[PDB]
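Below is one structure, written out as structure tokens; the observations come after it.
2 protein chains.
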Amino acid sequence: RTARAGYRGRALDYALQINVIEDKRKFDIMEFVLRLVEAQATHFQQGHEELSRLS
Amino acid sequence: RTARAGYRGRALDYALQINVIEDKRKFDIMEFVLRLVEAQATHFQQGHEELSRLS
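Listed in order, the protein sequences are those of chains B and A.
Quick note: the first sequence uses the authors' numbering, first residue 160, plus one each step.
Quick note: the second sequence uses the authors' numbering, first residue 160, plus one each step.
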């Protein structure tokens with residue numbers, strides 16, 4: 160009885176974290192890419208202002 | 160009279176040729192630096208040109 164009830168409470172905590180990992184693997188990697196593309200892009204924006212005057 | 164004359168003749172050629180390299184040294188290396196920042200201007204502009212699509 161107590162073994163079965165506890166396996167089931169432990170099951171609820173594994174399940175819920177399996178949903179947390181699934182969104183964490185999406186959002187941490189999506190934010191990473193978007194931060195990198197965003198910060199690369201500004202360096203060209205600012206760059207070209209100056210280097211087109213240098214052209 | 161041979162030695163002295165033709166040494167004056169040899170001295171003039173040295174004079175001509177040093178006089179060419181003083182003007183020449185500055186231009187060629189300026190040209191080299193021209194071609195350096197040219198390729199940079201050309202690289203930031205290709206990357207600046209699609210910046211709107213990325214944004």
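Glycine residues also receive a C-beta, built at the ideal position from the N, C-alpha and C atoms.
Does any CB atom of chain B fall closer than 8 angstroms to the CB of residue i?
{"i": "A:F191", "result": "no"}
{"i": "A:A198", "result": "no"}
{"i": "A:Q176", "result": "no"}
{"i": "A:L213", "result": "yes"}
{"i": "A:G206", "result": "yes"}
{"i": "A:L171", "result": "no"}
Taking the C-alpha atoms as reference points, what is the distance between residue i and residue j?
{"i": "B:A200", "j": "B:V179", "result": "31 angstroms"}
{"i": "A:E209", "j": "A:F203", "result": "11 angstroms"}
{"i": "A:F186", "j": "A:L193", "result": "10 angstroms"}
{"i": "B:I188", "j": "B:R160", "result": "42 angstroms"}
Are the C-beta atoms of residue i and some chain A residue less than 8 angstroms apart?
{"i": "B:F186", "result": "no"}
{"i": "B:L195", "result": "no"}
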